[PDB]
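S.K.: Below you will find the structure I want to go over with you.
Listed below in structure tokens is the structure:
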């Protein structure tokens, strides 16, 4: 049976619901963004935002709202999943212990009924008396809140009004009361009610409001001073308070639909509004004091405030600062003004947040021919459209090229006392020496000082007393403003060659054999204070700038030849603090000392590619457990430096990693360089604070950006992307586009904002208008938002829009690949289009166009008018495969620059998905299932091997290994149909079998091959998938012995890990459609596995019961080997 | 609202939830239950004329349980087109015929036969 | 694999002392063979049709020739390929098939009429149809029908010349049916190009082998009958 492995490469990025309040502290406002399943607890500083703890859950968060009940100084958070299991959350902090308490829960659902039409809607009563839930289209599920509820009770009071558009709650009027927007059969209205929880019954409502605007979308309830209910519509805005009414119809809100709102002022004086197109408005309420105690409304003002991203969150924070939350791209933080700018915008742009959002196609492609492949995902929407480039490691690409391989050390020599200006260098071979300059990216060789123009150097730092330390043969000396005679050359009383020297900015540490010396840097005086001796000869020395920006280090690093030394001294005095002798032939490059914002660690660079995790307190001398991490086969180097700030830490090893941070966590992140030996803090004129890297190759003066696992580079285009292909021969991409335009009365069409479609280097339009015989294009009245597509060929490295080819009117672009057909050596672009009209059924028109890129010029070679919409295309062994309205229509290239239909197929509902591997063809149906179809080359025609029958609505499919076939679903699920083996008869060999089920709690758009890690030439194969929340994961194949190894570890962890919600992972990953509640099998949820690294060893010891281990062999499991198998999976991701 | 076209419901569902938005559910079913095609014809070539009254499917849908005018239910493969095994059940005819979901029982009703 | 493409080409007469009965019972196999396009692509490309057009006109094997021509254009688009050849390929098709409808065989008019039911979509088929006699060789079928002759309707009563003479006109009206749907779109091209004159029209016209008869009497053949009202 098929057993596969699923983890999370990219955590989800698109946001859903934003609730502010006082969740962490009592008098501290904060932000609580949920994205897909994560609950990101921010906090609001005066400078901006700051996270506290990120918590994921087992269920899609769709409804959330804080509330402070009577009896709690702080508040509570209520969150309902997409699987109807509710929970009440409570934050608990005790020092650094940061915990989430679920106070009460309980799955509330029903056996029968339609779920909903407009999603799930939930609003809290302002008196904290009830909790609203629209769940099953006729029931109105109410949660009676009490501390009696250790689990959630539920009421179901029937709605006699079925099709409800919106529901809200109204403010303090002695009774908890409701508002609707209900669609009657004859008209539509806004009814109210009143619920007696002690009687479970609707009371007589205070408002009737028998007819309202025809397109009432939302209800904005205004608070306790002047209580009522604003009814926003598509076209106009009202106000209602039972007796009076006010109504406007402002000409601002005429071309967009209101989608979001928030209560800005605590007395409800102002309200902000967004739209479907990026605008932000403001509702100003004219507060009228009629009497000495009477509060009423006078006027409604709608002020245009400017343009932002497409809002779905809307939270005013404080001091004119609002956050804009987007599903569709670039959820950003903005600031309001008081006066206006040149366009009336009060909106000040601030720092942003990176979102992928809706991925619509991917391709894993490498551009530098490494083992690491880059990732280009189409992301965004109507004006948030942008390719985003996702890469492992750190992008060291702004580097100069200087040819110095295997060089030992480059050390500065300055002349400007108050700046870094005019910094010459020290070239230090072993036996040879020169003096280097830097003209930015290039070098110059000279002779400057006169001390070290004869013999080698090892360490020449920068003294903060405007001095320098020169070490030539056996003696140390101080340096004036570039002298030629010695300032104070303190000789050594041994007359020997220095084994390993070192320097700092306030002290000199030189080890000669076993004698370890110390110098106190006075102004122009070197004085001896302390002295200690080692039991063996010194292998290396390390000095890190720990404290005071001075060079004083309370700790020391000791390494010995053929002996691992963890000896730690109080380096100004050399007092014994910690003595541990491991022993062994592996020579360490002793210790890297850097505090990673939480604790001082020791970082030992062992020989032959080995690494230890040591943790040291700087005042006691007590170490933790070691941890073997493999880097390579050569001795390693661990260094710390300043890239620009924040004390960046690097691992100069055979696997070069950045040690410092990874989402504020100790997980290594690579770089884009093969092998790194040394580093050098130089002074380049075109590279600010950059460092050079002495290696087994050239010298790269480069700096390091924001450090993370997946660096994301945005190429914005401001229109909806559709697909992505790749050219090897041409150096270019292809992105199908979508722009919103309205129809002009005089002219043809007109745009709305200057995207990168019209701003192209070359433009063209299609010719040979071959839908001219059909009189279907009749006239429309207004400019009611038609869509215009074109082909965007994006440059390889500059990412400039090279060409745009605007299609015909209302001709979509639905399918795109790039391949070669037949014996023609040209590499083509192939686009299969369809002709669309609204107020129309499925289309029966369209054509298929094949392009080329001859000398940077797009050419329309041939077209084929096809009776049907084209959905999917894949290359098939030089032949073109297409899917044209439930008819699998394979093609063939001729020398006459045409196409010939080679075969067909007709047993389909509606075929939308096509994937090939060799000579099998996997067809994803519309409603039924996986369909495997054979192609016999001898016969020339297709052949139905088998067919699944269980009706699941497909979402995306992919071949694994021509025996196991992966399929997705609209119901956010995964399954694999395995081709049946026991061919005993002909009935049992035409029936596929569903082998394995999984609830991937995320919609699936794309599948593709290719990995994200480097090729070191385990598991077999790798499939990445594209989603709608920006959550990229990986699918790969296991071994069946390891499946029994891994699955039993899932059941061990499902008794120890208390996930938030008390949600059973066997229940959460269960395959749940509207009719199948079958439990999951087959796959492996490795995202549950890789949290074992986060588990402490007193709780890792209880995971390790009497279990098994394969190393044909049989061994009881141990903690230090089960932590290795996770790391054998973590190296993929 | 999701548009009346189906391919424009296909572009929209890529960047939106399940169907295309509000009113996207029935717009699938107004395209997919409005057409039919004959699969196969099943006779009763025993008296060279067919005399069935009632029909249903099995609990696992592999065989369809017809019912004649004589009083016997006759099994047929949905894939082959061949009788499996008849059963002398009633005397008069067959009006109602349903199995259960667990695959254990069978209810067969007669017109006037003395156990109904 | 065993060369059944090359087996059957020897079995038809090539300046040879053959009989009639083995040749006519060879095409009866070959008409079951021409159903597959991978066979049918190679038959014409290796010159099987010119080989098949080697029969002298008085022959008992004329029925099998019409069956091999009918399943030639049944489902595959082989008549697209018959165009680009020496000029007298279809001129031998028009010469022989219209003679076979004129031959008045008992089922030669039951197949060679069906061949004109689909192949009128190609414009050169209609072009050679009108350089010859055309409907004078078509109307002479209907005017010689003894089921229509009121003066002699009580003459023949045997069911051989009744069921075959009430079928012969049925395929003849369908031969007319796709004849006029084709000539409706022909004259519509002579309307939408001579009258419009770039006002909503594009003057690109290669005279291709291309199917442009609009293929739907439910929707668009009904619609093409309406736009001819705006003519001269």
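Chains as they are written, first to last, in the authors' numbering: chain F, 1 to 1017, 1023 to 1116, 1119 to 1140; chain P, 1045 to 1160; chain Y, 349 to 580.
Just so it is clear, CB atoms sit at the ideal spot from N, CA and C, and this is done for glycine as well.
Between residue 250 (chain F) and residue 302 (chain F), how many whole angstroms is the CB-CB distance? I'm expecting something under 8 Å.
M.R.: Confirmed, about 4 Å.
S.K.: Please compile the residues from chain F whose C-beta is within a distance smaller than 9 Å of the C-beta of residue 606 (chain Y).
M.R.: Nothing can be reported for residue 606 (chain Y), as the shown portion of chain Y is limited to 349 through 580.
S.K.: Does DSSP put residue 1114 (chain P) in a helix, a strand or coil?
M.R.: Here residue 1114 (chain P) sits in coil by DSSP.
S.K.: Less than 8 Å separating the beta-carbons of residue 784 (chain F) and residue 1049 (chain P)?
M.R.: Contact: no.
S.K.: Would you mind telling me which residues of chain P sit closer than 8 Å to residue 118 (chain F), beta carbon to beta carbon, in chain order?
M.R.: By Cβ distance, chain P contributes 1066.
S.K.: Starting from residue 927 (chain F), find everything on chain P with Cβ-Cβ shorter than 9 Å and list it in chain order.
M.R.: Within 9 Å Cβ-Cβ: 1072 and 1076.
S.K.: Report the rounded CA-to-CA distance for residue 1096 (chain P) versus residue 1127 (chain P), giving the unit in angstroms.
M.R.: In a straight line, the C-alpha of residue 1096 (chain P) is about 14 Å away from that of residue 1127 (chain P).
S.K.: One question on the structure: do residue 37 (chain F) and residue 56 (chain F) come within less than 8 Å of each other, judged by their Cβ atoms?
M.R.: Taking 8 Å as the Cβ cut-off, residue 37 (chain F) and residue 56 (chain F) qualify as a contacting pair.
S.K.: Can a CB atom of chain P be found closer than 8 Å to the CB of residue 812 (chain F)?
M.R.: Cβ-Cβ to chain P under 8 Å: yes for residue 812 (chain F).
S.K.: Taking the DSSP output, what are the residues bridged to residue 168 (chain F)?
M.R.: Partner(s): F:179.
S.K.: Starting from the beta carbon of residue 1049 (chain P), find every residue of chain F whose beta carbon is closer than 9 Å, and list them in chain order.
M.R.: Residues of chain F passing the Cβ test: 836, 837, 838, 839, 840, 841, 842 and 843.
S.K.: Can you round the beta-carbon distance between residue 1157 (chain P) and residue 1144 (chain P) to whole angstroms, since I take them to be within the 8 Å contact cut?
M.R.: The Cβ separation is near 22 Å, so there is no contact.
S.K.: Assign residue 331 (chain F) to one of two classes, buried (16 or more other C-beta atoms within 10 Å of its C-beta) or exposed (fewer than that).
M.R.: Buried.
S.K.: Report the rounded CA-to-CA distance for residue 604 (chain F) versus residue 511 (chain F), giving the unit in angstroms.
M.R.: Straight-line Cα distance between these residues: approximately 19 Å.
S.K.: With DSSP run on the structure shown, which of helix, strand or coil describes residue 1118 (chain F)?
M.R.: Residue numbering in chain F breaks between 1116 and 1119, and residue 1118 (chain F) falls inside that break, so it has no position here.
S.K.: Under three-state DSSP, which class holds residue 263 (chain F)?
M.R.: Reduced to three states, the DSSP call for residue 263 (chain F) is strand.
S.K.: Under DSSP, the alpha helix (DSSP H) around residue 40 (chain F) begins and ends at which residues?
M.R.: Not the alpha helix (DSSP H): residue 40 (chain F) falls in the beta strand (DSSP E), residues 38-44.
S.K.: Work out the CA separation of residue 360 (chain Y) and residue 923 (chain F) for me, nearest whole Å.
M.R.: Roughly 44 Å between the two C-alpha positions.
S.K.: Between which two residues does the alpha helix (DSSP H) harbouring residue 397 (chain F) extend?
M.R.: First-last for residue 397 (chain F): undefined, no H or E at that position.
S.K.: Is the stretch 1025-1045 of chain F touching the stretch 992-1003 of chain F, taking contact as three or more C-beta pairs under 8 Å?
M.R.: At 8 Å Cβ cutoff, the stretches touch.
S.K.: Indicate the three-state DSSP secondary structure (helix, strand or coil) for residue 298 (chain F) in the structure shown.
M.R.: Note: residue 298 (chain F) maps to strand in three-state DSSP.
S.K.: Ignoring anything shorter than 3 residues, give me the beta strand (DSSP E) runs that lie fully in the stretch 55-118 of chain F, in order along the chain.
M.R.: Complete beta strand (DSSP E) runs here, min 3: 63-67, 76-80, 85-94 and 97-107.
S.K.: The alpha helix (DSSP H) with residue 396 (chain Y) in it runs from where to where?
M.R.: First-last of the alpha helix (DSSP H) with residue 396 (chain Y): 396-400.
S.K.: Is it the case that the stretch 1128-1140 of chain F contacts the stretch 1053-1066 of chain P, given that we only count it when at least three CB pairs across the two stretches are under 8 Å?
M.R.: The stretch 1053-1066 of chain P, when compared against the stretch 1128-1140 of chain F, does not touch it at the 8 Å Cβ threshold.
S.K.: To the nearest angstrom, report how far apart residue 144 (chain F) and residue 213 (chain F) are at their CA atoms.
M.R.: Each residue's alpha carbon lies about 33 Å from the other.
S.K.: For residue 553 (chain Y), does the three-state DSSP call read helix, strand or coil?
M.R.: Residue 553 (chain Y): coil per DSSP, three-state reduction.
S.K.: List the residues that DSSP assigns as beta-bridge partners of residue 321 (chain F).
M.R.: BP columns for residue 321 (chain F) point to F:318 and F:335.
S.K.: By Cβ distance below 8 Å, which residues in the same chain neighbour residue 1215 (chain P) in space, the five residues on each side in sequence not counted?
M.R.: Here chain P comprises residues numbered 1045 to 1160, so residue 1215 (chain P) is not present and cannot be evaluated.
S.K.: Which of the residues in the stretch 769-787 of chain F, read from start to end, lie with their CB under 9 Å from any CB of chain Y?
M.R.: Hits within the stretch, in order: 769, 770, 772, 773, 774 and 775.
S.K.: Apart from the five residues on each side of it in sequence, which residues of its chain come closer than 6 Å, Cβ to Cβ, to residue 354 (chain F)?
M.R.: Within the same chain, residue 354 (chain F) has close Cβ partners 712.
S.K.: Shorter than 8 Å from the beta carbon of residue 1124 (chain P) to some beta carbon of chain F?
M.R.: Yes - at least one Cβ of chain F is within 8 Å of the one on residue 1124 (chain P).
S.K.: Tell me which same chain residues have a C-beta within less than 8 Å of the C-beta of residue 1018 (chain F), skipping the five on either side of it?
M.R.: Between 1017 and 1023, chain F has no modelled residues, and residue 1018 (chain F) is one of the positions in that gap.
S.K.: Taking the alpha-carbon positions, what's the residue 124 (chain F) to residue 701 (chain F) distance?
M.R.: Those two C-alpha atoms are separated by around 58 Å.
S.K.: Under a CB-based cut-off of 8 Å, is residue 381 (chain F) close to chain P?
M.R.: At least one chain P Cβ lies under 8 Å of residue 381 (chain F).
S.K.: Could you tell me which chain P residues have their CB closer than 9 Å to the CB of residue 970 (chain F), listed as they occur along the chain?
M.R.: Those are 1057, 1062 and 1063, listed as they occur along chain P.
S.K.: Given a limit of 9 Å on CB to CB distance, which residues of the stretch 892-917 of chain F reach chain P?
M.R.: Result list: 909, 910 and 912.
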